[PDB]
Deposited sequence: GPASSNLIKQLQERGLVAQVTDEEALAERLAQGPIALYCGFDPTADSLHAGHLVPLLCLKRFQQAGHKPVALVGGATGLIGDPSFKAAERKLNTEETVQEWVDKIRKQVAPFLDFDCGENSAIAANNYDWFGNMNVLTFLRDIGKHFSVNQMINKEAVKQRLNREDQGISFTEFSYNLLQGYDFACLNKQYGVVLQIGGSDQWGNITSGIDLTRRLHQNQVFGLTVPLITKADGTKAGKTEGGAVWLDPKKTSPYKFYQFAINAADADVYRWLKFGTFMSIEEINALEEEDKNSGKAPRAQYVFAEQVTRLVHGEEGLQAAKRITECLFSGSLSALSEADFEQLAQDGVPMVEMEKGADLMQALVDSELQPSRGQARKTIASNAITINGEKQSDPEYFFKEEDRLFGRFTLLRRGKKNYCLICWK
């Protein structure tokens, strides 16, 4: 059980500072480590899973994860590797996002396992009331503009005026540096993990911790899954169905690394899967394993089963199993959707959903037996929907041909 050796085996270590010294330190016993997540939206996306779960593997190994939420950094904006200057967000909108993100972080870590039990942190606790002169004096002298401009993230923003960077976003690096120090002092954190794009910010904090506290602390970055639309963790931004679908459609190139980064599946099992797939008459079920594991992680069993149930209905044509909550996911993102007043005929439903272009055309297509209503074929061009077709009084699913869906949301 050399944690760093395993993480490397999983393809999880993008880079790491002073590796041998870190391996020894962990092997000596539990440490505290952190990773921080900024409130730049009301939810995390599938990308953040990598560092997040990585803290869970650290906690499974006896270590103590701190999950920092950027109450303060969210008011500022990480320019790291972004070509465009972010608009600032509202102080009231940011706190909204903070509590939300704190909340969705929490289920992935054990807050009640004794000593290595997890801790939520918010860097607003230290920046929220810090005087500007105090900041400039105690933290800002230890930073050199030269060294700052030369860091890889902000380097491209600085050549010359394709885009610029505000002094605000430039400041950002210092705040993440001080977070590290402040957490080293407060909780004895000695490792920070983060995505590969965060190296610079991590290293400034290592360096600053030397100068402030005379401790040695480590850096470790995990690789990105560049999915920022993004695949949101929030079921209301991205439905478990859609989430499951993203997963089950991971390319072959990616699926094995995503198995590694995104799931607690055994390294043994992940290899066995790969070696099987390559042999097995081109029978690749890794996506399917991938999908089920991560959906279950993120959305629980009930989310998994829903997404599978919704997947199975759109494949089969039979809607018998759908619940109302299942139509809501279809409505939110699962299939195209149209709102309609009750009393419209089929012909019209087909026009208003874009399945047919004219009433006259709809008529001929209905008559060629091309249209199903809730799975059951309907070929009477003059058909009016009846209450039975308004499932849960609200929902009707059209299909044209074998795979063109549109969901009718009745008002």
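Trainee: Deposited sequence versus model: which ranges have no CA atoms?
Mentor: Holes in the chain trace, numbered from 1: 1-4, 233-242.
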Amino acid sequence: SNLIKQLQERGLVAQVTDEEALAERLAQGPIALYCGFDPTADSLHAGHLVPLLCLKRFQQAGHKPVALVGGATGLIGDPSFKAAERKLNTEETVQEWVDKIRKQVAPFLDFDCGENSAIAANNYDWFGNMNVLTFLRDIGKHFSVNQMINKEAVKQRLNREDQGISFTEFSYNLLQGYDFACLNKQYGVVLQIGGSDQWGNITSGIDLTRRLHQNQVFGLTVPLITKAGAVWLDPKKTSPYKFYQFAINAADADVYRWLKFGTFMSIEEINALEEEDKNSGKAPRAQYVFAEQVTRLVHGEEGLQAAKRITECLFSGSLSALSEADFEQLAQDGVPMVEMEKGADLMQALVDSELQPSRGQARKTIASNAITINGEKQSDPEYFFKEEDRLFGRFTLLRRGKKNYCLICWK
From here on, numbers count along this sequence of modelled residues.
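Trainee: Can you let me know which of the two, 326-334 or 274-282, has the higher average C-alpha B-factor in the entry?
Mentor: For C-alpha atoms only, the mean B-factor is higher in 274-282.
Trainee: Of the two stretches 264-272 and 157-165, which shows the higher Cα B-factor on average in the entry?
Mentor: Higher mean C-alpha B-factor in the PDB entry: 157-165.
Trainee: Per the PDB entry, which option out of 360, 47, 70, 65 has the greatest Cα B factor?
Mentor: Most elevated C-alpha B-factor of the set, per the entry: 360.
Trainee: From 92, 125, 207, 179, which pick has the Cα B-factor that tops the rest in the entry?
Mentor: The C-alpha B-factor peaks, among 92, 125, 207, 179, at 92.
Trainee: For residue 111, return the chain-relative third of its C-alpha B-factor as stated in the PDB record: lowest, middle or highest.
Mentor: Residue 111: CA B-factor falls in the highest third of its chain.
Trainee: Taking the chain's C-alpha temperature factors as the reference, tell me which third residue 384 falls into: lowest, middle or highest.
Mentor: Highest third, going by the recorded CA B-factors of the chain.
Trainee: Going by the CA temperature factor in the PDB record, which third of the chain does residue 236 belong to: lowest, middle or highest?
Mentor: Its C-alpha B-factor, which the entry lists for residue 236, ranks in the middle third among residues of this chain.
Trainee: How does the C-alpha B factor of residue 312 compare with the rest of the chain: lowest, middle or highest third?
Mentor: Middle third - that is where residue 312 ends up once the chain's C-alpha B-factors are sorted.
Trainee: Using only modelled residues of the chain, where does the Cα B factor of residue 52 rank: lowest third, middle third or highest third?
Mentor: Lowest third, going by the recorded CA B-factors of the chain.
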